[PDB]
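A.B. asks: So I pulled this structure from the PDB, and the sequence comes with it:
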There are 4 protein chains.
Amino acid sequence: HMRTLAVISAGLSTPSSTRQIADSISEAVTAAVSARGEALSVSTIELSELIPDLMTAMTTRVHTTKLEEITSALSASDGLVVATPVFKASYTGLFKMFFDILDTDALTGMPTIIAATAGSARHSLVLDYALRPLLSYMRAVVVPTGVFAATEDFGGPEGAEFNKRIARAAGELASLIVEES
Amino acid sequence: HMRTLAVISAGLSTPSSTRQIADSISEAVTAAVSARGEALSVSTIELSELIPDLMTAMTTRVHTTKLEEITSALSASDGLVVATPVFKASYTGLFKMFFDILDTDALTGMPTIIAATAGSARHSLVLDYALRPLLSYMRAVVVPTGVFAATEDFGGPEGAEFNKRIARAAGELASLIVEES
Amino acid sequence: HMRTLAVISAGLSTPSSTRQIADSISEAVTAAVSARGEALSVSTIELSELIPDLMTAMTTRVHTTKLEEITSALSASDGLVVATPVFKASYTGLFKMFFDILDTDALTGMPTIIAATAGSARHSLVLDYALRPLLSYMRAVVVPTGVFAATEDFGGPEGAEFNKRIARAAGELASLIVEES
Amino acid sequence: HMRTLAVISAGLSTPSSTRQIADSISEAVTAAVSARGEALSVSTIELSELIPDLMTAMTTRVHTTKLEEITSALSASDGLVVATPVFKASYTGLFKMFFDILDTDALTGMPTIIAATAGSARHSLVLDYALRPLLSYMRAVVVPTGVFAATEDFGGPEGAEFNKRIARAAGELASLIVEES
């Protein structure tokens, strides 16, 4: 039935480092699901392009049609990847807002990889102290390998060890994805 | 020179529980600064009324005039009170977004009381694991007594012990406010 | 081969509320693994009875024989349950110490249920902001349903909804346990 | 009356990086209190030398005499500095245990600098997500500048910017210390 992977990116710049790693991860997840013998369809959503819809959802309990279809598709997905820039030592307000807008049971059981990017790695704990508690509150199953891209640390032993990590996170998710019947 | 107190409320409903306690706190802070012999001018900002400006700041590095004046007034204040509803077991995306929009040194040294509201008190730790790290990252000095309003727990011994707490938090802030020359 | 479940309890009092729920959970896990057609052997360790060994491990890199066998058994287990009292708004120093003493890869992939107990539920977020980050740092897979026993909230609708939760957490773990070949 | 500064170090190795920075900080605090015209008496406690007393306090509600005098001196201090190594992505079990052993009101109002050390800085958020919530729960007033020593980052622009930070944290504390009458 072709496995489905939703990806939520919350970067604001162009190019977006957030979208960069979100892509690195989703590409890796496709590679892993392929290795497990299946095809993976990845649908990415850039939150900066849902601003008016989110702004509307704040001043009107009713969601636009565009938003209603996006969250519905999300809940229907087999796997999920979420990525965010680090603003004020944590996830982005826009990022959180998207999740605020979701129904309580929107991600129950949802296999998920949490990711974040920044210059250095001093704020990498944002993964376990911010995103993890969030996806956990929503009963999603967040794989152990969280991905934190420190732009300043790409290339060399570090960079290669990092790509090794993205693959590891990808495998964990891929395994959970092909497991669902 | 009349001490100034900025108050950021992020509730969305009307009436707003968030604004309710934000008021309870600011009233208490005025009472405490009065006791220390001075007058306190409290300027409250409802974030739900800055939505278009925040939505604009997300898709344009330039802030509106209305927003530019609000953040400037904020940084100029003597004290600060921040209040938020608890969405998805943490602060509101709109709340965070407001802070994302601030300059790095916007609140350096700013005396502050962090507050949050919800039905029960099971998510009260959001004060130390969400708001505290945030205002701390911005080098603001957050008073020890954080205020968490559990609507279900108003009235009776609890309610009276709570009002006692708001006064305590108010005193801590008031002391810091009249200290600045 | 009879599935194995390790249980780490860190209570100090007798009776121990911590051991009480640790038992409630392990009993529930046995019931769930039984329903999936298998037998579950549960080995519980009371940390208060490993004090001298832990005290020794702090002043001597070498672990006692009793401790060496306990951690080895742990790593070999199919599933894990960890429970702790809430001291100073977080997990117990003794609890943490036990984990400090473990090898870096001691719990990699380990299916786990995190649990904690206290009078009220105001410190229930300790599960996602303390224990979750900890077991996650050790690459253990912590099931979504964390268990927080608020002694004051036993019995009635709450209590019955709670037992419902323990069963839910038990199922998540049981599923992961019978999955390992 | 000569201002008093208590220092709790929880390192286990010798030399202790933890004690190293704990000293760097306390030296800086003495320098700052001197600049404000006073003398600072610094009493440092190495937790690894209180192990038997802590081990005893776990299996006996009664504290040894040595421990009773140490906590009493602590509560009587004008300022406090706490430092810890990072084990399993957070503070040390021994560190926490020391605080578990304290009376609820032992540090109310206590001016404090929180510090931690590790090779890299990827776990620096432990300051705001672990130590801050802890000292805050005890109503101590933790200065904004937390100190995180990343051994790998000493020397050069970073190292010099770091020493600049320690001085900043020292000033915040020193100001609070000479303020108490």
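C.D. replies: Cool, the structure landed. Numbering: from 1, shown residues only, chains lettered A, B, ... in the order given.
A.B. asks: Residue numbers of chain A in contact with chain B?
C.D. replies: Within reach of chain B by CB under 8 Å from any CB of the partner chain, chain A has these residues: A:12, A:48, A:51-52, A:55, A:58-59, A:87-100, A:102, A:129, A:133-134, A:137-138. C-beta: built from backbone N, CA, C; applies to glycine.
A.B. asks: Intersect these with the contacts of chain C.
C.D. replies: A:129, A:133, A:137.
A.B. asks: just the strands in chain A please.
C.D. replies: A:3-9, A:40-46, A:79-85, A:111-118, A:141-142, A:147-150 (DSSP state E).
A.B. asks: and chain A, which residues reach chain C?
C.D. replies: Applying CB under 8 Å from any CB, we find that chain A lies next to chain C at A:109, A:125, A:128-129, A:132-133, A:136-137, A:139-141, A:143-146.
A.B. asks: Go ahead and build a ChimeraX selection from the buried members of those.
C.D. replies: Paste this into ChimeraX to select the buried members of those, with burial taken from 16 or more other CB atoms under 10 Å in any protein chain shown:
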select /A:125,128,129,132,133,136,137,139,140,141,143,144,145,146
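A.B. asks: May I ask which two of the residues of chain A next to chain C are separated the most?
C.D. replies: Among those, the pair separated by the greatest distance (CB to CB) is A:109 and A:125, at 25.8 Å.
A.B. asks: tell me the contacts of residue A:28?
C.D. replies: A:166, A:167, A:169, A:170 (CB atoms under 8 Å, 6 or more residues apart in numbering or on different chains).
A.B. asks: quick one: the third one and chain C, what's the gap?
C.D. replies: Counting by CB to the nearest CB, to the nearest Å, the gap between residue A:169 and chain C amounts to 11 Å.
A.B. asks: now do the second one
C.D. replies: With distances taken as CB to the nearest CB, residue A:167 is found 15 Å from chain C.
A.B. asks: hmm, back to that, so which of the strands of chain A gets nearest residue C:177?
C.D. replies: Judging the strands of chain A by CB to CB, what sits closest to residue C:177 is strand A:141-142, at 15.2 Å.
A.B. asks: Report the strands that pair with the closest one, each with its relative direction.
C.D. replies: Using DSSP bridges, strand A:141-142 pairs in its sheet with strand A:111-118 (parallel).
A.B. asks: quick revisit: now restrict the residues of chain A next to chain B to buried residues only.
C.D. replies: A:12, A:48, A:51, A:55, A:58, A:87-100, A:129, A:133-134, A:137-138.
A.B. asks: Keep only those of the residues you listed that are in helices.
C.D. replies: Among those, the residues falling in helices (DSSP state H) are A:51, A:55, A:58, A:93-100, A:133-134, A:137.
A.B. asks: In CSV: the ones next to chain C among the residues of chain A next to chain B, plus distance to residue B:44.
C.D. replies: Formatted as CSV, those follow (distance: CB to CB, whole Å):
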residue, distance to residue B:44
A:129, 30
A:133, 29
A:137, 29
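A.B. asks: just checking, what's the longest helix in chain A?
C.D. replies: Counting residues, the longest helix found in chain A (DSSP H) is helix A:156-177.
A.B. asks: Using PDB, write down the CA coordinates of it.
C.D. replies: C-alpha atoms of helix A:156-177 as PDB (Å, rounded to 0.1, in the frame of the first residue of the first chain):
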ATOM      1  CA  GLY A 156      35.300  15.200   9.300                       C
ATOM      2  CA  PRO A 157      35.000  12.400  11.900                       C
ATOM      3  CA  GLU A 158      32.100  14.200  13.500                       C
ATOM      4  CA  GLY A 159      30.100  14.700  10.300                       C
ATOM      5  CA  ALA A 160      30.600  11.100   9.300                       C
ATOM      6  CA  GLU A 161      29.600   9.900  12.800                       C
ATOM      7  CA  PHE A 162      26.600  12.100  12.500                       C
ATOM      8  CA  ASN A 163      25.400  10.700   9.200                       C
ATOM      9  CA  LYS A 164      25.900   7.300  10.900                       C
ATOM     10  CA  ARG A 165      23.500   8.500  13.500                       C
ATOM     11  CA  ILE A 166      20.800   9.700  11.100                       C
ATOM     12  CA  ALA A 167      20.900   6.300   9.500                       C
ATOM     13  CA  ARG A 168      20.500   4.700  12.900                       C
ATOM     14  CA  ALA A 169      17.500   6.900  13.700                       C
ATOM     15  CA  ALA A 170      16.200   6.100  10.200                       C
ATOM     16  CA  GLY A 171      16.400   2.400  10.900                       C
ATOM     17  CA  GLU A 172      14.500   2.600  14.200                       C
ATOM     18  CA  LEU A 173      11.700   4.500  12.400                       C
ATOM     19  CA  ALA A 174      11.800   2.300   9.300                       C
ATOM     20  CA  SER A 175      11.400  -0.800  11.500                       C
ATOM     21  CA  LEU A 176       8.400   0.600  13.200                       C
ATOM     22  CA  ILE A 177       6.900   1.700   9.900                       C
END
